[PDB]
Amino acid sequence: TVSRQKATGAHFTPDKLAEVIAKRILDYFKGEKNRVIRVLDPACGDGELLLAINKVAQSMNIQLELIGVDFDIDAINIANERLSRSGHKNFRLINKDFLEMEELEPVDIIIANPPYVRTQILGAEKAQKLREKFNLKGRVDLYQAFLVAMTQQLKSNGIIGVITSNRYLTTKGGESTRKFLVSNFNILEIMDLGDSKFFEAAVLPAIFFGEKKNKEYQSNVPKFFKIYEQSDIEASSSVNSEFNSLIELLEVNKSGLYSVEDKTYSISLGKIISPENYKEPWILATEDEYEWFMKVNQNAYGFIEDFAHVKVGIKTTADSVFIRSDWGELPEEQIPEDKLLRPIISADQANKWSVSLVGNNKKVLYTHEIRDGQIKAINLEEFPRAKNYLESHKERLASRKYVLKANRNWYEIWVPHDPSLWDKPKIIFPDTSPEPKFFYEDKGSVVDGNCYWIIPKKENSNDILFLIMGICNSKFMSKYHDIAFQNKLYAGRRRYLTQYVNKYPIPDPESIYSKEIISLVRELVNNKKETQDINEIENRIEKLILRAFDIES
DNA sequence: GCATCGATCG
DNA sequence: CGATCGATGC
Ligand SMILES: Nc1ncnc2c1ncn2[C@@H]1O[C@H](CSCC[C@H](N)C(=O)O)[C@@H](O)[C@H]1O
């Protein structure tokens with residue numbers, strides 16, 4: 001179900017992190033600080049951020065006027081109690097919806113942790129309302145609308161320090177957020193906390209410190225701070241252990257490895273390079289990494305998007321009904337005809353180059369076909385057993401409103417793709433993965449929703465698919481990915497999405513090095529008698545890829 | 001049509 | 001620890 005905390009985003013910020021954010025805000029503030037400074041928290045909740053910033057300000061002998069807004073009355077009451085029990089008298093709380101979906105004069109400082117509510121929980125209607133009101137595109141999240149609103153409620157030269165999900169840094173839905181941030185603020189600092197797990201909830205948070213633009217026109221170079229968990233440590237890399245708690249690591253000004261308790265964290269500090277190009281994800285990398293990235297891009301002949309279609313698997317929107325392995329254990333009246341049961345490949349049966357399989361027994365009840373040259377859903381009158389099987393789940397299948405709004409049948413697979421494209425030789429790879437697992441497939445099976453597949457644009461997969469495979473499975477491409485597309489989940493899992501794989505560079509497919517790579521990949525995928533010679537061939541491929549683009553790192 | 005996005009989700 | 005899977009946007 002969807003808990004009230006899930007729909008309202010009621011997660012409170014830990015004490016030490018709040019203090020760190022408040023201290024950075026008061027360090028970046030360069031505006032008078034002798035009069036009463038107004039501070040705003042548009043989603044104050046418990047009032048933790050206001051308490052932290054007031055503690056720091058009273059440490060600096062700075063008088064604040066704290067203002068909190070929250071549409072829940074229990075949060076208002078507890079925040080009022082906590083603020084009264086402190087030694088502060090000048091505060092004010094407002095029980096209202098901040099997005100306004102009285103009056104308030106503009107503010108000098110904004111410290112905020114807005115709620116992160118995805119588009120599915122908001123519903124399409126409120127999502128389109130928020131998009132129309134705050135000029136947002138794509139799958140809007142609530143914190144983006146909150147950013148727009150709280151920025152509109154801020155003075156010129158005022159400092160914002162706001163912690164949100166980091167996903168706006170790399171997704172295409174965060175394009176609008178990146179555009180807004182770079183349009184309205186002189187970016188002071190962007191801290192990607194990565195997988196440090198400060199909150200009990202599963203989220204990778206990022207903090208944004210900025211100064212709102214004026215009109216006299218200003219300068220400063222935007223810097224970033226990235227910290228991630230490091231599982232694989234290089235032998236020649238030294239680790240620093242001069243810090244006890246993780247909260248002490250957010251005040252380090254030297255990049256490198258730091259050991260805290262049971263974990264080792266890689267910390268990088270550098271500059272944001274040209275954030276005005278908000279189209280592509282904002283690359284947070286050091287100088288050497290960025291120069292290597294730019295050199296690889298300059299020496300590249302093209303990209304995968306120019307050579308091959310990168311499609312997603314089937315999205316049935318009812319996996320428990322359409323994809324099963326126990327088709328023979330069902331009653332004989334409901335066992336569908338084998339004409340409809342097509343073998344499928346999931347993300348679990350995924351190795352590099354090629355998997356041996358076991359028949360998987362995983363088969364999908366494919367509901368579409370090529371009738372009169374077009375893609376049409378099947379007729380259940382021809383398949384009575386499949387009709388009965390689907391009548392068994394009619395309740396769950398007909399509860400999909402988006403299917404009925406499209407004037408489509410209730411028993412259909414939502415995204416069936418083209419039934420004739422499955423027979424083409426293709427590359428397959430899983431989405432969620434710590435390592436690239438791209439492999440070749442000839443037998444003409446269907447691809448699962450947790451996987452993507454690749455088919456050539458020109459009708460000659462004779463060599464291009466093999467070259468793309470040899471490129472994608474290399475450590476070179478892994479470094480390129482970790483530099484360019486920084487979308488990671490917990491435990492080092494990268495996201496191999498279409499918007500990321502389309503930007504994989506490709507060397508000249510008629511180079512001698514490229515042809516040797518193609519031959520080596522053919523040997524790897526065809527013959528399966530190799531064991532640890534696979535590592536030798538892979539290292540040879542690495543050296544050939546290096547010679548294809550440029551030499552080493 | 002078809003790829004996204006996840007205060008992930010047990 | 002580890003790999004979602006179904007509403008959603010365009
Ligand atoms: N539309 C809205 N307008 C105002 N407050 C809202 C809101 N939607 C959610 N909230 C409030 O936002 C809070 C998110 S929890 C954040 C608490 C606090 N900012 C902290 O970091 O400690 C909740 O208390 C919720 O009641």
Side-chain angles (χ1 to χ4, degrees), chain A residues 1-14 43 45 113-128 130-131 136-144 163-168 170-176 193 195 197-206 229 231 309-323 346-348 350 368 374-375 396-397 399-403 405-406 408 412-418 421 430-435 437 447-453 487-502:
Chain A
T1 189
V2 179
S3 64
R4 199 196 196 102
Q5 184 193 46
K6 190 76 171 187
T8 66
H11 294 78
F12 301 144
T13 301
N113 182 18
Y116 328 149
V117 184
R118 63 185 302 176
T119 315
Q120 276 69 16
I121 305 172
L122 296 171
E125 183 174 356
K126 187 183 177 182
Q128 79 186 24
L130 288 171
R131 286 195 299 268
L136 299 168
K137 308 173 66 175
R139 290 144 187 84
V140 54
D141 198 309
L142 196 55
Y143 71 90
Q144 307 165 352
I163 173 165
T164 57
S165 172
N166 77 337
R167 288 295 182 258
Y168 71 93
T170 55
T171 63
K172 66 169 59 177
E175 165 190 347
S176 315
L193 302 185
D195 50 2
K197 306 178 184 182
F198 281 95
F199 309 91
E200 293 182 352
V203 67
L204 288 79
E229 182 176 354
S231 299
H309 302 290
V310 179
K311 308 183 68 61
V312 77
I314 58 171
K315 323 289 298 190
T316 73
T317 65
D319 287 4
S320 306
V321 179
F322 290 103
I323 302 176
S346 302
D348 49 6
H368 283 62
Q374 300 174 336
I375 299 178
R396 181 183 173 183
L397 285 192
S399 63
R400 303 176 298 177
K401 301 180 176 181
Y402 46 88
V403 179
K405 288 190 303 177
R408 297 176 58 181
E412 298 181 11
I413 287 183
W414 182 236
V415 182
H417 288 279
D418 197 354
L421 289 185
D431 179 10
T432 314
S433 182
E435 302 288 346
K437 294 181 184 180
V447 191
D448 194 6
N450 47 48
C451 299
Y452 292 73
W453 46 301
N487 192 344
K488 290 183 59 188
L489 297 167
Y490 281 162
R493 262 65 180 178
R494 301 187 186 95
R495 300 305 296 268
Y496 291 94
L497 301 178
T498 296
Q499 64 185 279
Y500 299 150
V501 180
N502 280 341

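Side-chain atoms are counted along with the backbone in the values below, which use heavy atoms only and exclude waters and symmetry mates. Here is the naming used below: chain letters follow the sequence lines, and residue numbers restart at 1 for every chain.
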With the side chain of [X] defined as its heavy atoms from C-beta on, choose the nearest nucleotide among [options].
X       : options                : result
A124(A) : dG2(C), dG9(C), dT4(B) : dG9(C)
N450(A) : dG2(C), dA7(B), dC5(C) : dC5(C)
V415(A) : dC5(B), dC2(B), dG2(C) : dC2(B)

#### Entry: Strand contacts (DNA chain C) in residues 1-8 of chain A, 4.0 angstrom heavy-atom criterion
none
### Protein-nucleotide distance (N113(A), atom CG; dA7(B), atom P), rounded to Å
14 Å
### Query
Nearest-Å distance, CG (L497(A)) to P (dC5(B))?
7 Å
### Task
Taking side chain to side chain donor-acceptor pair (under 3.5 Å) as the test, write out the residues that go with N502(A), two or more places apart.
none
### Query
Can you list the residues that meet the side chain to side chain donor-acceptor pair (under 3.5 Å) rule with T316(A), with sequence neighbours excluded?
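By the side chain to side chain donor-acceptor pair (under 3.5 Å) rule, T316(A) matches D319(A).
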Under the ring pair (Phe, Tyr, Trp, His ring centres under 6.0 Å) test, residues paired with [X] that sit two or more places apart:
X       : answer
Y402(A) : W414(A)
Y496(A) : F438(A), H481(A)
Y500(A) : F485(A)

### Under 3.5 Å donor-acceptor pair, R118(A) side-chain atoms to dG6(B) base atoms
yes
### Query
Between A202(A) and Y402(A), who's closer to the 5' end of DNA chain C by nearest nucleotide?
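Upstream on the strand: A202(A).
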